[PDB]
């Protein structure tokens, strides 16, 4: 049982609490789209862990390369190159759009964003960073300074030159023009304010293509192209954080491919490592050269370490070989339709949005007031668990509670259906 009192005692005595509450179970094993508790109960992992296990848990191919490298080439002095690093860097150049040529292989999402923001600052000689008021880029310094969805209070001033603009949110619009939600006009208005505040040191804009922690907010048609122009005009770089969207989850290899807008710096992390700590930034040859002339530095312990790099390469291979990007569209379609059916059945479902296998379900009291459904979101999440389905709700100011759904790209039709099943039961049990 999940009740080993030695276990729970040690947890209470020796663990630092870092956000949320701990699930009241002991996870013993994981395989595919499932995690198993101490009683052997299988829990369908609809969030791919912390939205990373793109190939599900313990993917045989992944298990193999990890073995293969643990015993042959593990960690090295950061000045020493090896094959997996060069291969992964090369691969990354080949599959990202034209204009992205050179990669830096790191360990975590925050780190990747830090490395990108530092390069932007160096190459521009400037320091001001603009992000979305509902963003999430990480817990470390610069990354947290550009993170507005949470964590800004009680921990001292943020980095100097931090600005946020509102993110385009079609579900709950706030900027109208001619009895119309004009999100491009909103963008124009936001920028005018920045311009007036800036000290003349705008360095970069950092953005997620789909705000995940912010509540599955997809940047609408033509927004990105518009943003990139605002940047170009100001001599700013555009940094695209594809930690959650990259590596086939939205139905394209990279979300940026959908819009055809290529960023100056692209960052990747969660999905790329598929559960293991591996991250990266990819930039153009011109930007890298200048950063280099300027003495760019981002020297860490695990930068260019062979093992993680070998893992990343394998992940790319399987995704490509097994056409998991296409699969994301097919299963996403199936999942999306199911969600829409639930919304037909239940008034508490106010919206279903997202793309491919990155979907969001917004819980509301009134599908007209779109009044946020406080508490409902949480019992639902609770019943899901009992029902055997791991869900994750994000709750932000002035919005309804949002379920972030992101199953493995290797998820099955049957699994999708089970999840749909369990979710329906949880909602009716919760009302």
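Numbering follows the first chain given and starts at 1.
Between 330-338 and 125-133, the higher mean Cα B-factor belongs to 330-338.
Just going by the entry, 156-164 versus 274-282 on mean CA temperature factor gives the higher value to 274-282.
Taking only the listed residues 363, 384, 406, 27, the entry reports the highest CA temperature factor at 384. When all modelled residues of the chain are sorted by CA temperature factor, residue 41 is found within the middle third. Sort the modelled residues of the chain by CA B factor and residue 177 lands in the highest third. When the CA B factors of the chain's modelled residues are split into thirds, the value for residue 349 lands in the highest one. Remark: residue 221 belongs to the highest third of its chain, ranked by C-alpha B-factor as recorded.
Annotation for residue 214: C-alpha temperature factor in the lowest third relative to the rest of the modelled chain, per the entry.
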